[PDB]
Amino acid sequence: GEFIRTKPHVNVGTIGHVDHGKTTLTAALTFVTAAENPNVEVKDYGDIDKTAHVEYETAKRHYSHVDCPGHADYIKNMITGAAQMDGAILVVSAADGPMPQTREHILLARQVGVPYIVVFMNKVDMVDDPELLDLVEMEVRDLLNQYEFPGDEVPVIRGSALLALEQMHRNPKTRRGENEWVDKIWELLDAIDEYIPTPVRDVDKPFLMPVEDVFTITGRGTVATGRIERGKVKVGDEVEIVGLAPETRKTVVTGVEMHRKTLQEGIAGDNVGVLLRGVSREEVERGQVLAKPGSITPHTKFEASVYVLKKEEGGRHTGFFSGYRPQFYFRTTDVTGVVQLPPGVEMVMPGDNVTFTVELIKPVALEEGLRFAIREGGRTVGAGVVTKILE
């Protein structure tokens, strides 16, 4: 099976409170579009609620969609998943309204930079009262505004992921205009096509892909998955595996796939599987980056400009201090780092911007201008930018 690039590629996903319908909507999206484009493989709700990374396309674009379980123990996974989204679909149940996770996922989306949000008010089959429905929309729009998303401008589609999914199960060929529920899914697909702009991909820069996960394709070798950040990659390309391990490893690409389909060449923006030559799953891991040889190097000590979040922004009320060892989030991983403030400075208070030094306990592919977040456990306390590599 081969994958032929024909429409602009976009990465999206589902966020929202537990049980509001993220997984059901993900399944509905694949079934609904499958009726038009045969290249769209059907994905049962049972399987997704286990892969959780599916594909589907509209007349305008090809989409890679990650369905976030959204639980607290999956926080680190949501971070990397949301970080690679061009836009997110916020699912809110019409029968419950916004709940704690609706708010939590919105803040995380903001902190990792999700550029746009499209809302899908789910389970409307459970609520008919026009007033209650308008109240829920009002609440969601206000919630979004609260975290600085353009709440008054986002699309808010009302529908039922379950009824749409069941219709497709009954008639997999159901097409647009034939079923009111299925049509609500098309309203969402249209909103996604229109509201979420297709970003400019940095395809002309040196290849770089942060590793999300590593698997062994039984009888084929190890494969590293991730979203290409910049550049391109194809079979026969030499690539370096940088960071985390003791030394940088160099190998050759033996395969490139898009949703398990042979891909001519992967480009920035594509979430692919890169099969590597002679490397075991013990030589490549999440957090490392695949890159054009010599384009990026591993480091542990650097200087950075850092903004300490205010308590009013979810951070702490106490500041940073020398010897502090929080977690530093770089691309797809997080590593402990020791903070060292300049002479004379005993503390950097919330709300202040300062430049200090850091020494990670493990090497990481670093470069000037690279952004990173600082978290202490499950709380974001700082936002920084690498300003100088020391070693």
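Start at 1 with the first residue shown and count on from there.
**Student:** Counting only residues from the deposited sequence, how many are left out of the model between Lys50 and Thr51 (none, 1 to 3, 4 to 9, 10 or more)?
**Tutor:** In the record, 10 or more residues between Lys50 and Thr51 lack coordinates.
**Student:** Where do the C-alpha atoms have the higher mean temperature factor in this entry, in 27 to 35 or in 325 to 333?
**Tutor:** Higher mean C-alpha B-factor: 27 to 35.
**Student:** Taking the recorded C-alpha temperature factors, which stretch has the higher mean, 88 to 96 or 235 to 243?
**Tutor:** Between 88 to 96 and 235 to 243, it is 235 to 243.
**Student:** Which of these has the highest Cα B-factor in the record: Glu303, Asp190, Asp134, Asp270?
**Tutor:** In this record, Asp134 carries the highest C-alpha B-factor of the candidates.
**Student:** Quick one: which of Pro69, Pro350, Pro363, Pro343 has the biggest Cα B-factor according to the entry?
**Tutor:** By C-alpha B-factor in the record, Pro343 ranks first.
**Student:** Going by the recorded CA B-factors, say which third of the chain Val338 sits in, lowest, middle or highest.
**Tutor:** Lowest third - that is where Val338 ends up once the chain's C-alpha B-factors are sorted.
**Student:** Can you work out whether the C-alpha temperature factor of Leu144 puts it in the lowest, middle or highest third of the chain?
**Tutor:** It falls in the bottom third of the chain.
**Student:** Could you tell me which third, lowest, middle or highest, the C-alpha B-factor of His65 occupies within its chain?
**Tutor:** Lowest third of the chain for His65's C-alpha B-factor.
**Student:** Would you check the entry's CA temperature factor for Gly378 and let me know if it's in the chain's lowest, middle or highest third?
**Tutor:** Highest third, going by the recorded CA B-factors of the chain.
**Student:** Could you place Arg175 in the lowest, middle or highest third of its chain by Cα temperature factor, using the values in the record?
**Tutor:** Highest third - that is where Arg175 ends up once the chain's C-alpha B-factors are sorted.
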